[PDB]
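A.B. asks: Please see the structure below; I have some questions.
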Amino acid sequence: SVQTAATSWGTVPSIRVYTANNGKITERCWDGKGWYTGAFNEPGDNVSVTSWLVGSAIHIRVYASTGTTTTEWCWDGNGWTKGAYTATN
Amino acid sequence: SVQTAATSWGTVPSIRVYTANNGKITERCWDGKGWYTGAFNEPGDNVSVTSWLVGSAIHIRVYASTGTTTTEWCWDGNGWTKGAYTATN
Amino acid sequence: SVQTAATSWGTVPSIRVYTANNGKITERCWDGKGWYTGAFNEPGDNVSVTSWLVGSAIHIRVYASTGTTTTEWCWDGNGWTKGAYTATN
Ligand SMILES: CC(=O)N[C@H]1[C@H](O[C@@H]2[C@@H](O)[C@@H](O)O[C@H](CO)[C@@H]2O)O[C@H](CO)[C@@H](O[C@@H]2O[C@H](CO)[C@H](O)[C@H](O)[C@H]2O)[C@@H]1O[C@@H]1O[C@@H](C)[C@@H](O)[C@@H](O)[C@@H]1O
Ligand SMILES: CC(=O)N[C@H]1[C@H](O[C@@H]2[C@@H](O)[C@@H](O)O[C@H](CO)[C@@H]2O)O[C@H](CO)[C@@H](O[C@@H]2O[C@H](CO)[C@H](O)[C@H](O)[C@H]2O)[C@@H]1O[C@@H]1O[C@@H](C)[C@@H](O)[C@@H](O)[C@@H]1O
Ligand SMILES: CC(=O)N[C@H]1[C@H](O[C@@H]2[C@@H](O)[C@@H](O)O[C@H](CO)[C@@H]2O)O[C@H](CO)[C@@H](O[C@@H]2O[C@H](CO)[C@H](O)[C@H](O)[C@H]2O)[C@@H]1O[C@@H]1O[C@@H](C)[C@@H](O)[C@@H](O)[C@@H]1O
Ligand SMILES: CC(=O)N[C@@H]1[C@@H](O[C@@H]2O[C@@H](C)[C@@H](O)[C@@H](O)[C@@H]2O)[C@H](O)[C@@H](CO)O[C@H]1O
Ligand SMILES: CC(=O)N[C@@H]1[C@@H](O[C@@H]2O[C@@H](C)[C@@H](O)[C@@H](O)[C@@H]2O)[C@H](O)[C@@H](CO)O[C@H]1O
Ligand SMILES: CC(=O)N[C@@H]1[C@@H](O[C@@H]2O[C@@H](C)[C@@H](O)[C@@H](O)[C@@H]2O)[C@H](O)[C@@H](CO)O[C@H]1O
């Protein structure tokens, strides 16, 4: 089966659901008005996510894994950028 | 192995743990006084969860996947109801 | 592929990422200053996590699964201790 991860924030709420399907992770978004496909699109067979608010601004971290390699993807208001995470050392 | 997803809220806390085991997802609940099996029981091989508070009221979203189909299940105070989520379009 | 779970707290933030790799779960930690391997090291093929604050103190629950057995691991300020969780009854 496909594998998913979810996060949410605020009281609307906003929800983001990430799905790993055939080696690709995609993103589905709710901001109160309907579901839409988000900008996130990166390789992975497994996904997890966390997020936090700084005031009203959301910050999201998606951890995408293929084989033994886990890559962190960061949203901080300006598109998806690679994070400093590594699995060891 | 079985696959799990967890969420929690407040300072007690309350915890909910969802487990996909042989194509079925079940729910275990802590509200401070012991673990009990919850009402949630729906098909799935994979599960993720998120939740949020509106005042003191909890809202939970469980994303259950089998094959390429992901179904959203909603708790909003009145049992489990199907959500509008779809994976694409 | 390896399987991960993530949680975070506060506005720094602190992040914890748990990874199940070849039957072992390990922990990676960010507290604002770099990634380091945490103390958590327990068996599992699948992992999920949740956490909550009581004032400034973090409490973490990691759910580690092998076969049909799910064990809860608790951080409450004093190392990792076994929790009361069981999957049924
Ligand atoms: C890629 C990275 O490590 N990002 C860091 C960020 O580093 C920047 C450098 O990559 C370079 O671009 O120069 C700038 C300016 O000096 C930074 O040093 O440093 C941030 C501050 O310590 C890290 O924290 C987040 O920064 C976000 C903006 O990028 C945003 O402000 C957020 O609120 C901050 O927490 C940032 O690290 C990334 O985020 C943290 C939470 C971890 O996930 C880490 O692994 C990420 O790389
Ligand atoms: C099934 C669904 O889409 N639920 C919506 C809800 O729709 C209702 C209709 O299904 C029908 O029953 O008529 C009523 C009254 O007009 C609604 O339109 O609409 C809600 C408001 O926009 C959605 O938001 C949540 O509603 C909950 C009560 O059902 C509760 O109040 C919660 O706080 C609201 O966020 C609701 O959407 C569902 O929840 C959101 C967060 C997503 O998960 C979405 O996919 C769910 O379907
Ligand atoms: C192992 C366990 O069940 N821990 C409980 C804790 O039980 C203690 C006993 O194991 C023994 O050591 O004697 C002491 C003193 O009487 C306790 O009874 O009882 C706590 C209070 O109800 C539970 O709640 C958490 O306790 C943490 C400290 O251990 C911390 O204060 C936290 O804020 C409390 O929520 C504790 O249960 C564990 O945590 C909860 C949230 C669940 O995850 C549960 O399955 C865990 O076992
Ligand atoms: C902050 C926010 O919600 N921005 C929306 C845009 O991005 C979507 O949400 C962010 C958080 C991240 O999940 C993106 O990958 C995702 O596409 C969105 O593109 C825009 C148009 O629909 O709406 C913004 O509000
Ligand atoms: C709000 C709440 O905790 N309700 C409890 C009842 O439902 C349990 O919790 C909700 C949030 C959801 O997880 C359910 O599937 C779950 O069964 C519960 O049945 C009742 C009796 O034990 O206790 C309520 O407080
Ligand atoms: C509360 C805290 O951050 N403690 C740090 C120590 O433990 C690390 O974090 C806790 C929450 C848990 O994740 C541990 O398994 C993890 O090792 C850490 O060992 C110490 C030295 O780096 O720094 C503390 O602040």
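A.B. asks: How far, in nm to one decimal, is A:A57 from itself in the other copies if the label point is set 7 angstrom along Cα toward Cβ? Shortest first, please.
C.D. replies: Listed shortest first, these distances are 3.3, 3.3 nm.
A.B. asks: Let me ask something additional. What do you get for Rg/Rh over the protein assembly as shown if you use C-alpha atoms and the Kirkwood form of Rh?
C.D. replies: Details: Rg = 16.9 Å, Rh = 18.4 Å.
Result for the protein assembly as shown is an Rg/Rh of 0.92.
A.B. asks: In chain C, which trypsin sites (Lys or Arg not before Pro) are in a loop and have at most 16 other Cβ atoms within 10 Å, using DSSP for the loop call?
C.D. replies: Passing sites in chain C are C:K33.
A.B. asks: Taking each label point as 7 Å beyond Cα in the direction of the beta carbon, state the distances from A:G79 to the same residue in the other copies, shortest first, in nm.
C.D. replies: A:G79 label point versus its equivalents elsewhere: 4.8, 4.8 nm.
A.B. asks: Find every distance from the label point of A:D31 to the corresponding label point in the other copies (7 Å from Cα along Cα→Cβ) and write them in nm, one decimal, shortest first.
C.D. replies: 3.6, 3.6
A.B. asks: Counting just the Cα atoms, what span does chain C cover along each of its three principal axes? Round to the nearest Å and put the largest first.
C.D. replies: Result for chain C: principal-axis Cα extents of 37, 31, 18 Å.
A.B. asks: Please report the spacing between the Cα centers of the stretch A:1-66 and the stretch B:41-89 in Å, no decimals.
C.D. replies: 14 Å
Counting neighbours? That spans all protein chains shown, and the Cβs are built from the backbone with ideal geometry, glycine included. Quick note: the coordinates plus some simple rules give every number you see, no bench work behind them.
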